[PDB]
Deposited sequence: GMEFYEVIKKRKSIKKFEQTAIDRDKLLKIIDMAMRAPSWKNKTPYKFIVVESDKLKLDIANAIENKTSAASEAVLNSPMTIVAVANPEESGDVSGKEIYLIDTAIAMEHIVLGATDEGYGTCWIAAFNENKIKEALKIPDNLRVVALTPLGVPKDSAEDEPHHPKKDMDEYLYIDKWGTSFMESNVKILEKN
């Protein structure tokens, strides 16, 4: 798609087909995140691709929204992408947590790239973070910044991405696994 058309088409999607994500399209979305700007070109975040239904259920239960729409989007999509950061990598710059800025930038590349590849997303930032860390086996010194479902909507210094992309569990390589 054309760039401005991607910006215009992006919306928060809560209803998804069960259609499987194309692996090549997913890896292009992650590549778009890998190409995001960051402070001092440090990359204080990694992404966990969550495909296990049991883990979706854990994430759904952890979400703290007024309505169940976000929880259901996670239940009812083929996968969820979770953005996890290390606050100590770059620390604070002029009174601001750099990790929040840099991880937000990269996650918007995920979101816009999904839209470009014909997939819906929905920013989710409100959750019991401890519960998500327990589900995904994330060390407690890291921060869960945001997550999003990924699916087809219902009609209604070159980084090696392999170091930055996990499947279901923190530390388990997406690209090296029989996923």
According to the entry, C-alpha coordinates are missing for deposited residues 1, 158-164, 188-193
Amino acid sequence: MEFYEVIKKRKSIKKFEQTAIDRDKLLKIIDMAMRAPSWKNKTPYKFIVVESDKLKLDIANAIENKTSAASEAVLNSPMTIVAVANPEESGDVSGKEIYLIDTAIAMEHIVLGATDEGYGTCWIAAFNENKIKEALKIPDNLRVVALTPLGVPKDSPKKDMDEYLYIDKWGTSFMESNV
From here on, numbers count along this sequence of modelled residues.
Averaging the C-alpha temperature factors as deposited, the higher value of 147-155 versus 56-64 falls on 147-155
Quick tally, chain-level thirds of C-alpha B-factors: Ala69 sits in the middle
On the chain's distribution of Cα B-factors, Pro87 falls within the third called highest
Entry-reported C-alpha B-factor of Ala20 relative to its chain, by third, is highest
For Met161, the third of its chain by CA B-factor is the highest
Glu134: C-alpha B-factor third of its chain, per the entry, is the highest
